[PDB]
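Colleague:
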Ligand SMILES: Nc1ncnc2c1ncn2[C@@H]1O[C@H](COP(=O)(O)OP(=O)(O)O)[C@@H](O)[C@H]1O
Ligand SMILES: Nc1ncnc2c1ncn2[C@@H]1O[C@H](COP(=O)(O)OP(=O)(O)O)[C@@H](O)[C@H]1O
Ligand SMILES: [Ca+2]
Ligand SMILES: [Ca+2]
Ligand SMILES: [Ca+2]
Ligand SMILES: [Mg+2]
Ligand SMILES: [Mg+2]
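Protein chains in written order, with the deposited numbering: chain H, 42 to 167; chain I, 199 to 272; chain G, 2 to 161; chain D, 5 to 375; chain C, 5 to 375.
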């Protein structure tokens, strides 16, 4: 039939996909929160001797330095991936630039104003 | 000095993400507070690493998509 | 225009007679109920305007499914409401790309007919396989069984 | 909001909102004060009719164009033209719309700086950008290479571009254009008895040129044919009767483009300045420029020019290269269509000269990075 | 896993996986930044086109080779070339593949150490090994003795080998190669009127040299013949038309190899440095080296060189010895084929410079036992 019902079907698909993306993102956020809570070792900061407290804090600082190094490495890797995918997008545009520029739609002059002027209030859609 | 820049940046991060720490002149409460600072910093680093993992997954997927599109374009 | 067309579409067929009467009020002398380039030019000149007949025939061909260059009654309504343009920017490119990227469950960089079937089943709206076939035809330009990202944009072109 | 794509030009001001197909309002750029005395009282007689209003009362006015050759010679009149364009032909206050003017290549700096100063102080636009009239005409063709010959009404310029990299050392700007052809036609019409002198009758001669003149494929054969038969003599009715018959003045007026020695100019025709502009380019992009020669501007609308120019260049160029001349039917508004496309781009949205930037560096900002 | 047999070369980078017959991707090693301004917005213009992409946009670039004479003079550009080679021409991440670079004899140490440091730090390969470019060309011929003359595009070197024992005191490295022949051809073409100056037109002169030039069997007779008849004048069509006719420039360009006095170099030709390299060897292996003279490298592809060189050496050598010149049809890729064979050997599998070894001794590990 016409594209009105087909357009309705397409918009329904778009809404369903958006709902699924939002749901998946929320699930990812919850899973990430739980996983992060799992990763970091809980604190045990009671009843510890003063020197024992200092030694434990030093151990925590050493582990913090280790995690800093690891996460800096991961950050550098992700930065390299970002740069490489930016280059890939550049190549994508190179293979898809040229004549593939969408154009605006302004060829139609104002028509509602003329209809109202020449017919009074008989044009109510716009 | 690009590789030297990366090495020095990393070494600074060692002395930057971890400043000069002296746990000897601090009372028990201060030691507990600093230890929790370290703990929460590590937790934040874990969060950032997880974000990086997600971003890397997206980057891989989009890179594959771009490869497919490039192959199609020819 | 198109939004107003869909909104008024929930009324009875007498509104078509009302619009025919309005067009008669404009350019009385109509006899066929279809807007050709002659009548459109005449009514716009009476208004004080002049749209190109190339635009009119392009609008005729865009909705032309049987290739007749003419309009059925509801097709006449569609052509009549095509005289104005409101669908600007076609929703949002980035969100559409995100949705298309989430569509690829197998992450093969394409959307095959099976993924389309699964998504339609997830939608749940009253559909027929004919609608699915039409969607696949409008989406898969090269008929390779998959949807290209450029082909996905073309299929989602002018879509809010 | 939407951007205003104005295009001053010289002879026709073309304007309209960005994102459409054709300019909204196209009207001659002439400002004519009345010259007689005026005896009716209370008739509501204004002191200056601008735009298309002065093409209807031209019988008692002294029309004078405010733009001579690309450059602007009378700033008050140009300001009046801009004010009319904004307020009466588009009816949009400039306080809420970016503007995209156009300027010929190799023009004086002071002209461009004064243009931006006016747009920022008098009309008080949010942001304006000035673009070279040939790059837009290349946008409209949907290409990215090619050498574009934009023969307007003021000045004819020939900008070669490859892969988006303009070649600034190969721009050949020539000051022969439609206005000189109008004057030469008005000068050769006197050989039959018709004398047009008044600045109002220049418009009539322009109409004759537009409706009758055409470019001959071969000049000598046409001169010989028109001197023996009478199959060329086309008649035309003046605004008062007394039809006139144009003989071999038909193809002699636009022939001046290919032989500027007719009006005493030394330089070579538009058929040879294009070849010279190509030969200044590098040796490896000459094939692409040969294959993508683009025509634009109003004066390139003569019937039969896209064949004469191709024949001439094929005569000049090496025999192996293919010579192709792109002549879209929408030639006249090609620059403005390209301007609309450029203003509608997302990547271009941060190149505008924002007002705070002008406040910090003065009008000389236009020559800076924001070109 | 499989090994990556890269071969930097100077003029053409040849790479491919170990165990095949021909390199997978062969492309010029040039990195050219754009030099003009660029007016089209959003065209997606990059800042440096490397490899074979810059041989198609060379009309608006300034190509510059990152390797002058074997040695590497611009490390950033060389890193860019390697990155392109790994990621776009082979599409294999280097984290999972050993690499086998090649290096000319008698090159500066710092070049080799920097090469290994880059390969281990930036690309982070598992293990890399550097091999002399002549031993590989001897591998590809399936011999185990012989004196190989590897006249590349950067540098011509002549390594004699007997029974697998290289003779380090008899390597004669000469810096005349294909690039100097291109420059000399570009310099003698000016004697007819054709002037090539731009760094892009050097590529056109290189194409002329490849397609037309040949080595004369006897120089004086050819000079006399080309000066009387006209049977030698071969024409060639430039990238834009205007065919050119090369006369006795055909065999005068590659004659520079046998008379380096043409370009002002003092040393003796490639016909006499081979004989000198042989005479430095011991008295008992000279017959075998005479009988197994091997040619390799790109520049030894001139039509008629395997006869001129044999005639010259037979003139120099004692009359009893047999002079034989091995000129396989796959001369250009001989070094890379040999590299593939060497990387495919089981006995060689423990000679790689493993990463832990580099971590313990620094980049100076390459001069050590792992050569
Ligand atoms: N159909 C036509 N045939 C011949 N000449 C024309 C035609 N239309 C316009 N011209 C000439 O071109 C001029 C208009 O050129 P135009 O492109 O408007 O200049 P600008 O670049 O200043 O806008 C007029 O002065 C007229 O002489
Ligand atoms: N068919 C040919 N005829 C003559 N000269 C050639 C031919 N092919 C290549 N050359 C010359 O050899 C050079 C390529 O040499 P090559 O062996 O690739 O050097 P490298 O040792 O750096 O790889 C080119 O610059 C060219 O001048
Ligand atoms: Ca129909
Ligand atoms: Ca899929
Ligand atoms: Ca498809
Ligand atoms: Mg113009
Ligand atoms: Mg080599």
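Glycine included, C-beta positions come from ideal geometry on N, C-alpha and C.
#1: Say the cut is 7 Å; is the CB of residue 142(G) nearer than that to a heavy atom of ligand 5?
#2: So with Cβ pairs under 8 Å, would you call residue 126(H) a contact of chain G?
#3: Would you kindly report the start and end of the unbroken alpha helix (DSSP H) that includes residue 132(H)?
#4: Any idea what DSSP makes of residue 86(G), helix, strand or coil?
#5: Buried or exposed for residue 333(D), please, with buried defined as at least 16 other CB atoms from any protein chain shown within 10 angstroms of its CB.
#6: Rounded to whole angstroms, what is the Cα-Cα separation between residue 310(D) and residue 304(D)?
#7: Give a yes or no on whether 8 Å exceeds the smallest Cβ distance from residue 151(G) to chain I.
#8: Considering just the uninterrupted stretch of the beta strand (DSSP E) at residue 92(C), what are its terminal residues?
#9: According to a CB-to-CB cut-off of less than 7 Å, which residues of the stretch 333-345 of chain D neighbour chain H?
#10: Could one say the Cβ of residue 216(D) lies closer than 8 Å to chain C's Cβ atoms, at least one of them?
#11: Considering only residues of the stretch 220-303 of chain D, which uninterrupted alpha helix (DSSP H) runs meet the minimum length of 4 residues and lie entirely inside it, listed in chain order?
#12: Using DSSP with H/G/I as helix, E/B as strand and the rest coil, what is residue 32(C)?
#13: Taking all protein chains shown into account, decide if residue 51(C) is buried (16 or more other Cβ within 10 angstroms of its Cβ) or exposed.
#14: Taking only beta carbons into account, state which residues of the stretch 43-61 of chain G come closer than 8 Å to chain H, listed in chain order.
#15: Who are the near neighbours of residue 188(D) in its chain, counting only those whose CB is closer than 7 Å to its CB and skipping five residues on each side?
#16: Could you tell me the distance, in whole angstroms, from the CA atom of residue 155(D) to the CA atom of residue 9(D)?
#17: Residues of the stretch 130-147 of chain H in Cβ contact with chain I at a cutoff of 9 Å, in chain order, please.
#18: Identify the contact partners of residue 63(H) in chain I, using a Cβ-Cβ distance below 8 Å as the criterion.
#19: Just to confirm before moving on: does the CB-CB distance between residue 5(G) and residue 263(I) stay below 8 Å?
#20: Kindly identify the DSSP beta-bridge partner or partners of residue 107(D).
#21: Are residue 136(C) and residue 159(C) close, meaning C-beta to C-beta below 8 Å?
#22: What does residue 164(C) pair with, by DSSP beta-bridge criteria?
#23: Per DSSP, which one or two residues make a beta bridge with residue 19(C)?
#24: Given residue 312(C), which residues of its chain have a CB within under 6 Å of its CB, disregarding the five upstream and five downstream residues?
#25: Assuming residue 161(D) contacts residue 175(D) (C-beta within less than 8 Å), just tell me the rounded distance between them.
#26: Mapping the DSSP letters down to three states, classify residue 142(H) as helix, strand or coil.
#27: Taking 7 Å as the cut-off, does the CB of residue 13(C) come closer than this to any heavy atom belonging to ligand 2?
#28: Note down the Cα distance separating residue 74(D) from residue 12(D), rounded to an integer number of angstroms.
#29: Could you tell me whether any non-hydrogen atom of ligand 6 is closer than 7 Å to the CB of residue 17(D)?
#30: For residue 240(C), which option in 302(D), 41(D), 324(D) and 77(D) has the closest C-alpha, if you only look at C-alpha atoms?
#31: Please confirm whether residue 108(G) has its beta-carbon closer than 8 Å to some beta-carbon of chain I.
#32: Starting from residue 11(C), follow its DSSP beta bridges and name the residues at the other end.
#33: Name the two residues that bound the continuous alpha helix (DSSP H) containing residue 236(I).
#34: Would you check whether ligand 6 has a heavy atom nearer than 7 Å to the C-beta of residue 339(D)?
#35: Using the beta-carbon of each residue, which ones in chain I are nearer than 9 Å to residue 73(H)?
#36: Once DSSP output is grouped into helix, strand and coil, what is the label at residue 108(G)?
Modeller: In brief:
#1: yes
#2: no
#3: 91-137
#4: coil
#5: exposed
#6: 8 Å
#7: yes
#8: Where residue 92(C) is concerned, there is no enclosing beta strand (DSSP E), given that its DSSP letter is neither H nor E.
#9: 344 and 345
#10: no
#11: 223-230, 253-256, 274-283 and 290-295
#12: coil
#13: exposed
#14: 45, 47, 48, 49, 50, 52, 53 and 56
#15: 257, 260, 266 and 267
#16: 20 Å
#17: 130, 132, 133, 136 and 137
#18: Here the premise fails: no neighbours, minimum Cβ distance about 16 Å.
#19: no
#20: 136(D)
#21: no
#22: 151(C)
#23: 29(C)
#24: 219 and 221
#25: 7 Å
#26: coil
#27: yes
#28: 9 Å
#29: no
#30: 324(D)
#31: yes
#32: 18(C)
#33: 226-271
#34: yes
#35: 245, 248, 249 and 252
#36: coil
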